Every structure is written in structure tokens, then in C-alpha cells.
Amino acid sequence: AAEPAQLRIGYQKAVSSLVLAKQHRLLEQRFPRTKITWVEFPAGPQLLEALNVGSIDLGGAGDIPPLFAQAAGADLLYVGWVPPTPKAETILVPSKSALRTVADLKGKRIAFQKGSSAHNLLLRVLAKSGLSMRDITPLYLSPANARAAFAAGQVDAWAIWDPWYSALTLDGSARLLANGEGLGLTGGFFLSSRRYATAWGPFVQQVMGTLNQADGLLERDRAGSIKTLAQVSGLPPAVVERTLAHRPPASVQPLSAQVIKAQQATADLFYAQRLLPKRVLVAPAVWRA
């Protein structure tokens, strides 16, 4: 049959591969009869609130945003899985700070996006030192607002991802306190409207196919990728370079059994810790073409 009239797809500037897909017009080249409209979000929870009201029909986010969206009653599907990039998920402290270990975060004001992958990174890191979310004071801030609070001396630590990690550690603004290595982080997801994925399954599968290829650009086209990403983000090439050093390959592919289980275990944890109101059931939201 047909392909859809339009694909309004959400993305985050942080995700170097989607930025490349956007600038290289990969989707437009693949689907000439479909109007492709990319819509940028500050982070994943923002992007999910838009999916829930229909502002987009497909978008990429961390493992946590969809859990918070499901908990609030969103009827989304998981349609693709993005392997994790644990070096790129970090707790930062101002470089001038006396904080040097995770234990030193007890009683401190920590900025992060609520319901983002950094919320789960913080939870899991703190728990290794016997701290919980109730032992720290959260400042729920978007990445730009958190960067400004950090610049202004208002936060003790900031849980955040690349490229803010690479940018601030390279310019001397911050020290790494902890990253996501060793936590068995899940990674992230492509989320869709249940109506759109039901109507246009093959098309969504083919979309994921093309985005799976875009990720390869960061390896197959290293130098070209750096200058383009530098150009687009306006970040220094050295910073962009550092962000690529932190990422193993991470192409979107189908959800595996172990990934679904990992995702339900995170839902169970967030509920157990009173960070979500409902227990969330992940499996009935999983889709495969």
C-alpha cells in the first residue's frame, strides 16, 4: 500500500546520529512521498510530552522518559532500542569544588532533568554509596537551565550527558565525579504513537533501518562527522571529538528479551523508590514489525 503523508519526528541535538540524519537528509532521500519534519526538544521528557499530545509521532529518548510517560497514562509504543553509552552519562561537579567522591554528595543540591536518563544514573550511583534520592536535594532543570545554574554557582553537582560533559570538562568548568560504566544501563529507545505504528508498521521499521545506518556515520565518516556536528552545534571540534571517544557503536535495533526485562526492572526500581506513582508494565507497550 501507501506510506504516510507526513512524519513529524522528534529529536535531541545531543544525539549526534540524528543530527547527521537530519543534515544529510537520509529520511527525505528514502521516503520521497513523505514530508519529513524534524522537531528539536531540550531532553526526553519534553519530547515525550509532545508525543502524548500528538505534536510528533516518533522520537528518540533515554530509558527513563517513557517510564514516566507510561506512569502518567501515555499510550506509547517502544519500536526500537538504542544501546547504552555509559561513558557519556555523568555526574559533574564544579572544578573548584571540595566534592571528590559520590559519598560527598550527601546533603547537596544536584541539578538534573526529572524523568531523564540522568535521574536513573543518579539513583544508581548514589545507591552504591548508600545514598538515596532523599539524601540529596534535586534541582529539576532542563539542560540549558541547569548549565546556567551551574555557571552561576547555584548547584553542587549536575547529572547530565554529552556534549555538556565533554564541553565543561574540556573548558575547565567541571570535574567528572562518576559516569555510567558498570551499572548495566539499558540505553535508550525510539517511541511512537500507537496509532501511527499500527497504521504504518513497515514504514516505521524502514525509518528505524535508516536511522540505524546514520549511527554508523560517526565511525564510517569520522572526520566529516566532526566538522558537521561542530558546524551545526557551534561546539569546538575538539569537544565533538571527545563526545565520539565516549560512544561505542549504538545503532537503533529491535528490542530484545533482555532489554525489555531490563526496562521493566528499572520501572520496578523507580516504583520501589517512590519515584513513580504507578508500577509501570513495559511489555504490553513493546512493538516489533
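When you see a residue number, it is the position in the sequence shown, counting from 1.
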Segment of higher mean CA temperature factor, 128-136 or 185-193: 128-136
Regarding 156-164 and 201-209, which shows the higher C-alpha temperature factor on average in the entry? 201-209
Which listed residue, 265, 281, 9, 20, has the largest C-alpha temperature factor in the record? 20
Identify, among 39, 250, 257, 43, the residue whose C-alpha carries the highest B-factor in the deposited PDB entry. 250
Can you tell me whether residue 143 has a C-alpha B-factor in the lowest, middle or highest third compared with the other modelled residues of the same chain? lowest
Going by the CA temperature factor in the PDB record, which third of the chain does residue 216 belong to: lowest, middle or highest? highest
Ranked by Cα temperature factor within the chain, is residue 80 in the lowest third, the middle third or the highest third? lowest
B-factor third for the C-alpha atom of residue 286 within its chain: middle
So where's residue 178 on the chain's Cα temperature factor ranking, which third? lowest
